[PDB]
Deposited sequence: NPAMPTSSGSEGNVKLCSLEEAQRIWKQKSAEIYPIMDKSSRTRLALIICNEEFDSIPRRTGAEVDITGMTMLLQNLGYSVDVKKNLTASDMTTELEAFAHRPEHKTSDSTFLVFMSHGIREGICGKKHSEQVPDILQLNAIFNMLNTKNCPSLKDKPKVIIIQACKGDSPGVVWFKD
């Protein structure tokens, strides 16, 4: 589904300020999609299956082996992210994509058990920490792309004006 970069197009792009790409036949690119659709205290995220489908197909077509995890608490997300960061395939990869799709608030991403009374939140800070040079040395010097579909609060995000 992705428009291809031709050999002359890649030659036009290629000098010393581009991330190096590994050989197609030997590389083991990994990507992870975490999507919460069903919640204990928040309405179902209908349409999330459309999001999972599109993102899975796109990332696969870009050369990534895609793992999909559904309906997890923040603790489960943490465990999954820790396991993902430890994957040996990253050593023979040149990059990674992390996709998060859920309900969200100012503090971060909602786990399936989230409530106003009892918070179940994965902080963006924690995602970076779990994927940093200390906790994920295999992705040192390699681009790590984090995509997050979620509210960052309940404000419509607008101001009104007359003139």
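Next item on the list: Write out the missing regions of the deposited sequence in sequence order, one range per stretch.
Entry: No C-alpha for residues 1-12, 27-29.
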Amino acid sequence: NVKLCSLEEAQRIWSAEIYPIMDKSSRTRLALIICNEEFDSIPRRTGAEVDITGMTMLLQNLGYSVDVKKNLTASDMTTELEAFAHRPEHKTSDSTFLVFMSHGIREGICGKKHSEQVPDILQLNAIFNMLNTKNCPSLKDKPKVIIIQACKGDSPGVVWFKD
From here on, numbers count along this sequence of modelled residues.
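Check: Which of the two stretches, 113-121 or 63-71, shows the higher mean Cα temperature factor in the record?
Finding: So the stretch with the higher mean C-alpha B-factor is 113-121.
Item checked: Between the two ranges 16-24 and 136-144, the one averaging a larger CA B factor in the entry -> Result of the comparison: 16-24.
Notebook entry, point to check: What third of the chain, by the recorded C-alpha B-factor, contains residue 11?
Noted result: According to the entry, residue 11 has a C-alpha B-factor in the chain's highest third.
Notebook entry, point to check: Going by the entry, which third of its chain does the Cα temperature factor of residue 104 land in?
Noted result: Lowest third.
Margin query: Ranking every modelled residue in this chain by its Cα temperature factor as given in the entry, which third contains residue 30?
Written below: Tercile = lowest for this residue's CA B-factor.
Note to self: Using the temperature factors of the C-alpha atoms in this entry, rank residue 49 within its chain: lowest, middle or highest third.
What the structure shows: Middle third, going by the recorded CA B-factors of the chain.
Next item on the list: Classify residue 94 as lowest, middle or highest third according to the C-alpha B-factor given in the PDB entry, relative to its own chain.
Entry: Answer is lowest: the recorded C-alpha B-factor places it there.
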